[PDB]
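Before any questions on binding or motion, here is one chain by itself as structure tokens, the form deposited in one PDB entry.
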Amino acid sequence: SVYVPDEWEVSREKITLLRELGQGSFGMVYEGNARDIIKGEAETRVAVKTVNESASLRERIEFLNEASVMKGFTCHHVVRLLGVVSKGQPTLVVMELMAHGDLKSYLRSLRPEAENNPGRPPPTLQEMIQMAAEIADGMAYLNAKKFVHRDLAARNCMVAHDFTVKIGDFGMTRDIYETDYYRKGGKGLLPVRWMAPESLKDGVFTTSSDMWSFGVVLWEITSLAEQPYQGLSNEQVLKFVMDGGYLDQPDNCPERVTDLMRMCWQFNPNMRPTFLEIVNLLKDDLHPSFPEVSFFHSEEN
């Protein structure tokens, strides 16, 4: 419980909170305007995440330390941390704004019956491949930095103003999608419907179990984010998957996407593909901008 201010610290005076976006599991997230936060931009539309005002000083420290995990990361397909306001109150962290929010909420809005349907039809095959490659590229970047995500899921991806999908601001959906988590004392909140068998069995998270979860994200894309194993309880899901079960393809699932899921859900984790291998499989079928922005095509890879 210490937070030392660094080069990410920004003056509170630069940040204006404009409207609520939604409740993060630790506090309200707002849309804001930030002055002189990005070099070359006089002003930037941002998201800014806070703690609940009921939070202790130590909880604010823990919040900032958890948020700071993202400081090292620079990838087009991972949501970017822009600044921190730790001095005074309220505690703020300023993030790249993702205009269409989290991918689970977004996908659900595309259901024909949804009250908030934006008029956009469900994703085409080309759109799904594009999303898959973007998610896999962000994940490849993170895994290359020896970072294991542990909670890859549509709710933890975000959708930008230009409809690019990115790995979302980390750990932001435990309130809006609380039912996606099974609390198991000692282990904390477990996203059991997204977890690999060895993670369920042994509490082990690896890049190979991130790949398992990627398979489930593809399933959510093709099902418009139904609950995986709907109508099994959390304890039933945990046993089902440990015993070798995995998700059946949604109705009308495109074959190419089905095949990706099947690779992700191999029982032996050493047999699953890597994220770079996923991007390699998809590379010839993407927007022209992809090689300009991807980790996969970068000298860093």
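If you superpose the two forms and keep the largest set of C-alpha atoms that fall within 1.5 Å, you have the rigid core. Each residue number is its position in the shown sequence, starting from 1.
Same protein, other form: the form solved in complex with a partner chain, not shown, and the subject of what follows.
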(Q) Under a 4.5 angstroms heavy atom criterion, identify the one residue in 25, 11, 16, 280 near the partner chain in the deposited bound form. (A) 25
Q. Would the partner chain be touched by all three of 151, 190 and 201 in the deposited bound form, meaning a heavy atom each within 4.5 Å?
A. yes
(Q) If we define contact as a non-hydrogen atom of the residue within 4.5 angstroms of the partner, is residue 248 a contact of the partner chain in the deposited bound form? (A) no
Q.
Considering non-hydrogen atoms and a 4.5 Å limit, does the partner chain approach residue 34 in the deposited bound form?
A. no
Q. Hey, in the deposited bound form, is residue 235 touching the partner chain, heavy atoms inside 4.5 Å?
A. yes
Q: Using the partner position in the deposited bound form, report whether residue 194 sits within 4.5 Å of the partner chain, counting heavy atoms only.
A: yes
**Q.** Sole residue of 232, 263, 242, 61 shifting 2 angstroms or more in CA between the shown form and the other one, core aligned
**A.** 61
(Q) Please state whether residue 163 has a C-alpha shift of 2 Å or more between the shown form and the other one, with the rigid core used for the fit. (A) no
**Q.** Core-aligned C-alpha movement of residue 181 between the shown form and the other one reaching 2 Å
**A.** yes
Q | Core-superposed C-alpha of residue 172 shifting 2 Å or more between the shown form and the other one | A | yes
Q: Check residue 147 against residue 178 at the C-alpha atoms and report closer or farther in the deposited bound form, compared with the shown form; the change is 3 Å or more.
A: closer
(Q) Since the Cα-Cα distance for residue 184 and residue 236 shifts by 3 angstroms or more in the deposited bound form, is it a contraction (closer) or an expansion (farther)? (A) farther
